[PDB]
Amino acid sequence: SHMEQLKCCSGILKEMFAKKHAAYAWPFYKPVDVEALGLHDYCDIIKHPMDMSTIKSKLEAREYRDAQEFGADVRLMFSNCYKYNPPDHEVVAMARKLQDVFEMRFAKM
């Protein structure tokens, strides 16, 4: 059922927030601070920004019908990081390490 799938999605999100993954997951915890980090081009390149806090808020507000809608938002967060930043960047390697954690848990449900 859809109600059961969303419960598993909360579990994946919680593990993504845990201390174990904090070293590489932290730049995704909250929305990207464009003005403070000096990224003016970010709003022009990234049309739909996404982060773990926004996903956690959308989950609590029941904005996802099923696991696929939740999964679409998690993958959008990673896709935005891959698009804006060059492949050699540290935040891309961090995104890949976090996506490996997500894809492993999301597949096993």
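By rigid core we mean the largest C-alpha set that fits within 1.5 Å across both forms. When you see a residue number, it is the position in the sequence shown, counting from 1.
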| note | Note: with structures superposed on the core, the stretch whose C-alphas sit farther off in 7 other deposited structures of this protein, 37-45 or 57-65, is 37-45
| query | Out of 1-9 and 99-107, which one has CA B-factors that are higher on average in the deposited record? | reply | 1-9
| Looking at the deposited entry, does 64-72 or 29-37 carry the larger mean Cα B-factor? | 29-37
| request: Check where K58 lands among this chain's C-alpha B-factors and tell me if it's the lowest, middle or highest third. | output: middle
